[PDB]
Structure formats: structure tokens, C-alpha cells
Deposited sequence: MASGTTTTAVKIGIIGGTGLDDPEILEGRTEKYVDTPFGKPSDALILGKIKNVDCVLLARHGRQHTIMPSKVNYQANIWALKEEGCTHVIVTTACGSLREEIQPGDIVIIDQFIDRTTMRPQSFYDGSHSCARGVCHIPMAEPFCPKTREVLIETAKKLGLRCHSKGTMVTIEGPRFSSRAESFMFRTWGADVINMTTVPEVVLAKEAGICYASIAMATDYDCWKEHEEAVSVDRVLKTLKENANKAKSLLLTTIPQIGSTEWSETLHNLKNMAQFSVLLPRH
């Protein structure tokens, strides 16, 4: 049995995606999640939807409580967490409207807690050095890629996301630099979301939707405009991918993730 947590990004968090919906506000040892959890289903698969920036989008990337969001989904029983995020393209071949099933990231954030084990919560004691060689779940990414193919969607099978602190967009000099570092797309929320999901032993995958070419011309209006035009893609991908995940066995994948997380903790 699996339960899919879904974190929706800017203009990519439509509750209508789930049937038999029920709102549920929760609390965690790390504070309150961005907004209430929406419990529902996609076919016969249990899901939990959460708006990363709050349903009215009032939380900037730097201020999102990533710890609470991941902890709440974990506490709810989620075995998987698939998210959506807008991003700028740092590669000509990645055109706005394209989906990128990212497999790597480059951290450029500075003021964000990246671990549950901060030595101040009973629920998570000790020091945790979580491995990040493969930040995203390969099995989940695989089904997303195949499903995108079945839907005839322009989709890139891999990509490195550079996550900046924000809220400002990058300067042109930074944009060029990120390209030399091997970054393919850029956003403000992948890190530490992917890191905390790992510590929680959750299969995490990200559906990145290119909304602009950054500036190597990006603006809020341009991003919102592209998201509005392409939101249906991520929705369709999730609706078709989730039932597939629910039809396969994950016991082993989840076991290996649990072990990796457990053995990354150093106790007193």
C-alpha cells in the first residue's frame, strides 16, 4: 500500500485533482505546514495535497516551512512525495512549457534549515548526515518519464536544478555562471525540500515546468503566464502516473530508503 503526498507549486496546486476531498489542518514538532492538508484519491490511490506557498500564495520561498511540510506528509503516512515547481531554463533545448524530471541539484540557498535533526526535537535526536548522491527516487522518476511519453508531452529525462535563495531572480552574471556549473534549470524551492524528504525515508520526485529562459527576460508576469498555459500538463501527468505507482510493489525501495536514513544518524 502506498500514499502519495503532492506538494503543489505556484499555480500548480489544484485540489480538484483529487476526488473525495477532505481538508485537514495539522501541526508538527517543527511548526505549522504551509496550509491545510487535502486528503483524497486518484483512482484507488490515497493522496495528500499541500500548497507549498499556501493556497493564497503568501509565503516566499525563503520562508516556506519545508520541515513542517515534509513532516506532516510523513506523519500522514505518505510513502511518496511528488511535487510541481516552475523553473527557468538554462538550456536552449529546454523550452518554456517543457517538463523536466530533474535528477540532481546544486544548492545556492543560504538561510534554510536542511535537517530534522537540529538537536532540539525529541522526534529526531542525534546528528544526521543524509547521503545526496541520488537525491531523487529513480523508480518514481522512471514512471513519470514513461507516463509523460504516453501522454505525448515534451519531457526531459534528466536535469540539474540550481536552487537560489531568492526572492529576487538571478543577475545575468549569475545566470551565465550557473550554466558553466552544469545547471540545467533554476528555481527557489527544490532545496531543502528534497533533502528533508530523504531524511524522512520518502520516495521524492519533482515535476519541473520550465516557464522562462531566466536571463542568459524573466519576470513574475512571464512565469505566471506560462504556468497558466501549461498547468494542465502537470495535472494530467500526476493523474496518470499515480495509478501506475499504486499498481507496483515498493516494499524493497522503501526498505532501502528507511535503512539509508536510519544509518545516517549518529546517536550520543
Discussion item. From the N-terminus onward, what segments of the deposited sequence lack any C-alpha atom in this model?
Written reply: 1 to 8, 225 to 229, 282 to 283
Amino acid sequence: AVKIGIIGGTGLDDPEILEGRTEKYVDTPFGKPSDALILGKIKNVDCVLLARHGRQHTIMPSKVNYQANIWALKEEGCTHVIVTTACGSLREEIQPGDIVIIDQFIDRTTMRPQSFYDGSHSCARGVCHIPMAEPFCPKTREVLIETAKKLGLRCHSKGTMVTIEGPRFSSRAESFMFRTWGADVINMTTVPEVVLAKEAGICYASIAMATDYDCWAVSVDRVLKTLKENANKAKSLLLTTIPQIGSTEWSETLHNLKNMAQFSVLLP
From here on, numbers count along this sequence of modelled residues.
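Note that the rigid core is defined as the largest set of C-alphas that superpose within 1.5 Å between two forms.
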Worksheet entry | Outlying stretch relative to shown form, 223 to 231 versus 207 to 215 in 9 other deposited structures of this protein, C-alpha RMS (core) | 223 to 231
Item to complete: Output the stretch, either 255 to 263 or 16 to 24, that has more C-alpha displacement from this form in 9 other deposited structures of this protein following superposition by the rigid core.
Response: 16 to 24
Worksheet item: Do the C-alpha atoms of 119 to 127 or of 165 to 173 have the higher average B factor in the entry?
Response: 119 to 127
Practice prompt. Report the stretch with the higher mean CA temperature factor, choosing between 181 to 189 and 106 to 114 on the basis of the entry.
Written response: 106 to 114
Discussion item. Please place residue 5 in the lowest, middle or highest third of its chain according to the CA B-factor in the PDB entry.
Written reply: lowest
Response to the item:
residue 206: CA B-factor among chain residues, third -> lowest
Worksheet, complete the sentence: In terms of its chain's C-alpha B-factors, the third that includes residue 241 is the middle
Fill in: CA B-factor placement of residue 64, once the chain's modelled residues are sorted into thirds
lowest
Discussion item. Can you tell me whether residue 46 has a C-alpha B-factor in the lowest, middle or highest third compared with the other modelled residues of the same chain?
Written reply: middle
